[PDB]
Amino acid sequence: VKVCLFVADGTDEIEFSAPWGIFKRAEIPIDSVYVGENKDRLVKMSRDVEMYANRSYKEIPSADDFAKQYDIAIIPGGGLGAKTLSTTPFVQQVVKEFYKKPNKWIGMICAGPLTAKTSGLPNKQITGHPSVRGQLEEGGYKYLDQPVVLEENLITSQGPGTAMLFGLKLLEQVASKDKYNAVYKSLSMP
């Protein structure tokens, strides 16, 4: 299994770091894939961290090619970062391609779940940050107030406070029982 963690200028640091650190501990390959223009793949995160991404999305010609490279696509939040990711045709295409595939999984957290709306996904239930609840309900979604929601192969989550639970829920779909339990135990979850 290989994971793509999307990142844009304005992506939240907490929501990036949680799945990143969880999949690294699991020894499951994960790449950060930048949606933006900086030619060195240098990203300015939501709260001003400057960090390098592994790849640019420009390296991947299509969603069909993306699907041959990755099994999990993760769309983190942060207000600005989510606006960019949710409005990028490539990301929407990946989301549409992965939705309901038996060997693929999509995660969206915080304002990330706006990408379900923009990709036209027909899932019934969803969650996200309370600040985008109105926007999600306009689209026709049933907002649930809980840390993590799963519908088909789409996992959604609320906020920086739930980023660890969100990363774990993604890992749960792909890790063996023993790998999941070992990674979980290593985190000192409260």
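When you see a residue number, it is the position in the sequence shown, counting from 1.
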| property | result |
| --- | --- |
| Higher-B stretch (mean Cα B-factor, as the entry records it), 112-120 or 76-84 | 112-120 |
| Between the two ranges 161-169 and 129-137, the one averaging a larger CA B factor in the entry | 129-137 |
| Residue with highest C-alpha B-factor in the PDB entry, from 59, 27, 31, 50 | 59 |
| 146, 156, 54, 46, ranked by C-alpha B-factor: the highest one | 146 |
| Ranked against its chain, the third holding the CA B-factor of residue 1 | highest |
